[PDB]
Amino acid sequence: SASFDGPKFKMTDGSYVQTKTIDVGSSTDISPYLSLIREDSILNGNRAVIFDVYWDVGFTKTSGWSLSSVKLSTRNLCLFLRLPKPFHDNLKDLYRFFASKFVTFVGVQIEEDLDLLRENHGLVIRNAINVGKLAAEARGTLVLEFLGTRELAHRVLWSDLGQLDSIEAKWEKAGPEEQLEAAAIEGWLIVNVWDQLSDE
């Protein structure tokens, strides 16, 4: 079965979120996993796919960083790829995926990650939006442009952030489980941020 069989997490408005963490290896087909997300975004999430990237530090002086992970969030799905260093050819599906015009790619503070993706991986997100700028602008409030995730979720939702803060506040001690929950939470939270700004 190609389904999302990792832990479900309970949000704040009653809904839940699944899981699918893969230790992406050289011949790990991640396409069927990329399908759902797409299917879910198109049928259930208004065609937005929320994301985030994680970099292994490195040593142009930033040509050493490695794209160690990626988060993709829609209505009902979140996939966590723990990409390999270095990339193998099975990753074309990853590149092909990010170049699609079916969905807008939503992320917070991505200007830098995008140049990195370009210079260090040749990955192009043809349809991306750094969402803090549109947030601040749609609202005429400059400060939203310079907010991190948790805090950008607050100046747009106010939903209860206590649980997310308890995990983030103690991130050094948080096991892969609470760490995954924080990623699903803000992965869902930014979905709510975008629905609000564009459904407006």
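For every residue, the number given is its place in the sequence shown, counted from 1.
Unmodelled residues of the deposited sequence between neighbouring positions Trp171 and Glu172 number none; the chain is continuous.
Relative to one another, 110-118 and 73-81 have unequal mean CA B-factors, and 73-81 is the one with the higher figure. Mean C-alpha B-factor is higher over 149-157 than over the other stretch, the pair under comparison being 149-157 and 28-36. When the modelled residues of the chain are ordered by their C-alpha B factor, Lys92 lands in the middle third. Per-chain ranking of the deposited C-alpha B factor places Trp55 in the lowest third.
In the deposited entry, the Cα temperature factor of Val49 places it in the lowest third of its chain's modelled residues. Per-chain ranking of the deposited C-alpha B factor places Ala135 in the lowest third.
Per-chain ranking of the deposited C-alpha B factor places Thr21 in the middle third.
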